[PDB]
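Colleague: Take a look at this one; I'll ask things after.
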Amino acid sequence: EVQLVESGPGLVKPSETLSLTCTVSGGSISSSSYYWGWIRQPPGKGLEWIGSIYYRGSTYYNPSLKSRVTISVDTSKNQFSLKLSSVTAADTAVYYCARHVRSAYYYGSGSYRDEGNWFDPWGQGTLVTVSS
Amino acid sequence: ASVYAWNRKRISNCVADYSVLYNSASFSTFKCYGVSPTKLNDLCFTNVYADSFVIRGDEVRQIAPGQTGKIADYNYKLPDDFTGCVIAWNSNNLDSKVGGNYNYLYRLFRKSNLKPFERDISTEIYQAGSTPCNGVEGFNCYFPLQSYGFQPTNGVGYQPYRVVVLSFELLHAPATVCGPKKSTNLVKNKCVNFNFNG
Amino acid sequence: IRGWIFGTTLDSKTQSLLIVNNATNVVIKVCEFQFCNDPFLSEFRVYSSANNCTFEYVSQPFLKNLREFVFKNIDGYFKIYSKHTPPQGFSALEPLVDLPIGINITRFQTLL
Amino acid sequence: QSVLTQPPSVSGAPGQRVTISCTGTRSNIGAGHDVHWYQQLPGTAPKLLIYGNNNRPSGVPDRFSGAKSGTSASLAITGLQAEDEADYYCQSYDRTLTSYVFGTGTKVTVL
Ligand SMILES: *[C@@H]1O[C@H](CO)[C@@H](O)[C@H](O)[C@H]1NC(C)=O
Ligand SMILES: *[C@@H]1O[C@H](CO)[C@@H](O)[C@H](O)[C@H]1NC(C)=O
């Protein structure tokens, strides 16, 4: 009942700004402790965490990409936007957005584990290529 | 009132009839510990306290002497030596609402357990993670639990229930809360046994 | 002569009786009123506090003119005896009310 | 650095015991915040298989177990079945990078 959908341009030139949009259903980005994150998967490699945003507008980004990644929310449309500046061909990859249900597993310690571990639901993903 | 901030009312110096309510057969839960519930308004107490709040059906079993769980540890606690009564009835028709009724909150965090029946007076924030919060509710430092989501199409465990806990205080004071004086008709010109109000 | 102030400490620390004659009605409380060095009584500066307050009652006025009263505490029931006679002579004092208060009265500073 | 290390593939015949290792650093698998395991088809939403080193979410067969020690972790599949042909990822929070780092992942095939 949870749905995520990534949208954006398939080709972007290096140094430009990439804007991806995640439209979701089954939850609201306004719920207490709920989170919305962005994760990347480079060609034939593992998943790589990019960033996260909270119902309260708090947000984190991967330190090596912190200055170039930006995540924003639109509660009215239940959407999350990710902007990446000074892109390079190294950023080519499949991007996924994901839902984080309030805190952690609430049953078991009372969600007293930062964020449990991660999320569960996933979107279809969008492939973004950076080349000139 | 919501369960975290339940409403206590003192009652004294009045006439009460319990068997209208206890025999009304209108409540889903009516359990009396200590005193017999069956038509025992033949007693007089100093004060009578009525604590009203709202929970869900799944949690009704937790509002009882020496019970443990979210509500009991964090919202409303009763002592094991409870000489009183608990009444509760399903209020889905009165406390639910289309699109949900989110007016009832419950406390989800506390350093300790609740010392027999207290309520959400001091309603601060508590650290639920590693280091100081120092402000705005955030990472490893948040609010207690949310609202209750009392939609009318909920499961019974998730439906609103109204709860009233009656406690009977008998201190070293003139007791004034008694119930009825079952008078009878009088007769004349015949040897009878009489009871002329005392 | 309008009423009295019965209590142990006559402050917010303990409940006390402000038996008053409010000149349209008689007003009685058992609330925790605070002390007044000399509460005057057309203004009233006796009811300094109503620290929480637990009981209030009103009634008809009592009404050259000799009023006699007896105030007794007995087993927590506080009784009151009275009469009104138009001070040499003899009479008797009928009861008016018992109040099941249950408080410790050791000072009864009259109101003025 | 950014990735937990797993062997890129692990295999066995149906009914065998197949284990997947997961090599981290002091900041994640070592002194971090416990390692979880994932099991989902490539490109599709993962599903939590093991939480908190050794907990199982409901729906995960009891034959999946996790273990951690020091800076290394393992997943044990105790009786490899045809359903166990998937990718498996480990994951853990890295306190030094302050990021949640997934493993590079292991594909199992029931030969
Ligand atoms: C006492 O009398 C005054 C005016 O005579 C009136 O305003 C007030 O309501 C009365 N009762 C009180 C003060 O309890
Ligand atoms: C009044 O004082 C006596 C002295 O022992 C005490 O026993 C009694 O309980 C007191 N009354 C009240 C109402 O506290």
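As a convention, Cβ positions derive from the backbone with ideal geometry for all residues, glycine included, and neighbour counts pool all protein chains shown. Laboratory data are not the source of any read-out in this text; all were calculated from the coordinates shown.
Colleague: Evaluate the distance, in nm, between pseudo-label points positioned 7 Å from the Cα of B:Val136 and of D:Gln1 along their respective Cα→Cβ axes.
Modeller: Going by the 7 Å Cα→Cβ label model, 3.5 nm.
Colleague: Near B:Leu94, within a Cβ-to-Cβ distance under 15 Å, what is the net charge of the other residues, with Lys and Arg +1 and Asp and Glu -1?
Modeller: Computed value for this residue: +2.
Colleague: So if I take the centroid of the Cα atoms in segment B:124-198 and the same for segment A:71-100, what is the distance between those two points in Å?
Modeller: So the separation of the two Cα centres works out to 51 Å.
Colleague: State the extension gain, in nm to one decimal, for the chain segment bounded by B:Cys44 and B:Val20, taking 0.36 nm per residue of separation less the distance between their alpha-carbons.
Modeller: 6.9 nm
Colleague: Could you give the length gained by full extension between B:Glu118 and B:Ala64, i.e. 0.36 nm per residue of separation minus their alpha carbon distance, to one decimal place?
Modeller: Length difference between fully extended and current span is 18.0 nm.
Colleague: Can you compute the modelled spin-label distance between A:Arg102 and C:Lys72, with each label point 7 Å from Cα toward Cβ, in nm?
Modeller: So the two model labels end up 6.5 nm from each other.
Colleague: Calculated from DSSP H runs of 4 or more alone, at -39500 (n - 2.57) each and per residue, what is the 222 nm mean residue ellipticity of chain B, nearest 500?
Modeller: Computed ellipticity for chain B at 222 nm equals -1500 deg cm²/dmol.
Colleague: Distance in nm between label sites at B:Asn7 and A:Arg56, each 7 Å beyond Cα in the beta-carbon direction?
Modeller: 3.1 nm
Colleague: Rounded to the nearest 5, what is the percent of antiparallel bridges among the DSSP beta bridges in the protein assembly as shown?
Modeller: 95 percent
Colleague: Take the Cβ-Cβ distance between B:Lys31 and C:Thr85 as r, set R0 to 56 Å, and report the resulting FRET efficiency rounded to the nearest 0.05.
Modeller: After rounding, the FRET efficiency stands at 0.40.
Colleague: Of chain B, which part is the longest with no trypsin sites (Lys or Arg not before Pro) in a loop (DSSP not H, G, I, E, B) and with at most 10 other C-beta atoms within 10 angstrom?
Modeller: With a cap of 10 other Cβ atoms within 10 Å, the longest stretch comes to B:1-110.
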